[PDB]
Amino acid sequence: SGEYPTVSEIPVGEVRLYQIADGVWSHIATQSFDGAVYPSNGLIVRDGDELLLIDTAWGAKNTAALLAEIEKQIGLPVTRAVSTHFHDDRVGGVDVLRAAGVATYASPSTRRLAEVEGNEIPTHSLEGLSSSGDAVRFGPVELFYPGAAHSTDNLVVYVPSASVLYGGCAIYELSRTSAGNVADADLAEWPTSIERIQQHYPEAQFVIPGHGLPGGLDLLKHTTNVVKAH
């Protein structure tokens, strides 16, 4: 689109917000990994006079900057956060959120896996997400467990008001042509998990990957192509 913030535009420690729809934003941060710097996305969704945060900004410092940018640009309190899998780009900063008064949530699986990794652990457990195809409402969003993909615990998030599908790290941006980290993945199941995402959200209008530029439902087929080419 030419409007979305890119990795080179954001120094590590800064956070950008991108308005997607009425009461729906993405947050974009950057972090060092494997000798390079990469971007990472999360989501912010308005719920009346409060905000729901989806995912941290990949570390304590970035997450503090995220909260500052939210206060500056939106001016509504973040009351709850959901982490969509156990990796540091999703949970790193949970301790900062807790210290800011945010109630943090993740599935039982995500909480267990974060503990095993030595990552920060979201406090509260999400009910009703244990089996592939499970969906639950959580304030202004639906949470969906599509099955194992990028990780065994990965969730996706849908915002019905705007037909926004937040795929998280189970969905790759269009420009990515090779697999990312796969030690936690289920490459055999990933294409089927993507089929379940599309079956549940076949009218999604905007699809946000965990890293990089948003797209449409074409990102699902693209991700399958990448996973199967690997």
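Only the largest set of C-alpha atoms that superpose within 1.5 Å between the two forms is called the rigid core. Numbers follow the displayed sequence, beginning with 1.
Asks: For a rigid core alignment of each structure in 9 other deposited structures of this protein onto the shown form, which stretch has the higher root mean square Cα deviation: 49 to 57 or 174 to 182?
Replies: Evaluated in 9 other deposited structures of this protein, the stretch farther from the shown form is 174 to 182.
Asks: Comparing 74 to 82 with 112 to 120, which has the greater mean CA B-factor as deposited?
Replies: Mean CA B-factor is higher for 74 to 82.
Asks: Would you tell me which stretch averages the higher CA B-factor in the PDB entry, 65 to 73 or 160 to 168?
Replies: The recorded data point to 65 to 73.
Asks: Going by the deposited entry, which of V96, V91, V141, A106 has the highest CA temperature factor?
Replies: Result of the comparison over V96, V91, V141, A106: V96.
Asks: Looking at the C-alpha B-factor values in the deposited entry, which of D47, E173, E195, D186 comes out highest?
Replies: Each of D47, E173, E195, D186 was compared by C-alpha B-factor; the highest is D47.
Asks: Using the temperature factors of the C-alpha atoms in this entry, rank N181 within its chain: lowest, middle or highest third.
Replies: Within its chain, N181 is a middle-third residue by C-alpha B-factor, going by the deposited values.
Asks: Considering only modelled residues of the same chain, in which third does the CA B-factor of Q205 rank: lowest, middle or highest?
Replies: Answer is highest: the recorded C-alpha B-factor places it there.
Asks: Ranking the modelled residues of this chain by C-alpha B-factor as given in the entry, is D153 in the lowest, middle or highest third?
Replies: As the PDB entry reports it, the C-alpha B-factor of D153 lands in the lowest third of its chain.
Asks: When the deposited Cα B-factors of this chain's modelled residues are ordered and cut into thirds, is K221 in the lowest, the middle or the highest one?
Replies: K221: CA B-factor falls in the highest third of its chain.
Asks: Give the position of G35 by CA B-factor within its chain, expressed as the lowest, middle or highest third.
Replies: Answer is highest: the recorded C-alpha B-factor places it there.
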